[PDB]
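Take a look at this one chain, the form deposited in one PDB entry, written out in structure tokens.
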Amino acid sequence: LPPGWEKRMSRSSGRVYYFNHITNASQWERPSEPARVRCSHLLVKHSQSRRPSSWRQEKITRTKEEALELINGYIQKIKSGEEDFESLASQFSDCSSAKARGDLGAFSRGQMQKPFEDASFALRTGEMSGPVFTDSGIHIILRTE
């Protein structure tokens, strides 16, 4: 299995799935480095974020548990196909990159917070992470290049 993938057992169906412990993504299909990648993200902050404030809300009061529930809802909607990643990043990300549909541009290792960096370089082009935790809050990451 590629970097970070493990074979897991679905609790509800008993069917096997695959989980990546670097990106926190899960998928049913069996999964099949560059100097820089380009990623967008959607950030949900909470009261324990390093800065519990965002361009969108002066005082962020939601709990970390509430932020994870929000993130998990956005992931469901994006995976369902009902909403594009860009649409939810623009509307709900607590990062000013929201106004660029979540795009952070290109970057190399050594620039971003480490769990974000590691998830970004372990994603395939076009792939989306699961919930990724940093000191800023909880991220959904989409690798675009």
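From 1 onward, residues are counted along the sequence shown.
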| query | finding |
| --- | --- |
| Residue 33 preceded by how many uncoordinated deposited residues after residue 32 | 10 or more |
| Residue stretch of maximal mean CA temperature factor, 22 to 30 vs 46 to 54 | 46 to 54 |
| Average Cα temperature factor in the PDB entry - higher stretch of 122 to 130, 8 to 16 | 8 to 16 |
| Top Cα B factor in the deposited entry, candidates 38, 101, 79, 109 | 109 |
| Chain-relative CA temperature factor third for residue 93 | lowest |
| Where the record places residue 61 (Cα B-factor, split into thirds across the chain) | highest |
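If you look for the form deposited with a partner chain bound, you will not find it shown, but the lines that follow are about it.
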{"item": "Contact of residue 111 with its partner chain in the bound PDB entry (heavy atom, 4.5 Å)", "value": "yes"}
{"item": "Its partner chain contact at residue 45 in the bound PDB entry, heavy atom, 4.5 Å", "value": "yes"}
{"item": "Its partner chain contact in the bound PDB entry: residue 66, any heavy atom under 4.5 Å", "value": "no"}
{"item": "Partner proximity in the bound PDB entry: residue 88 to its partner chain, non-hydrogen atom cutoff 4.5 Å", "value": "no"}
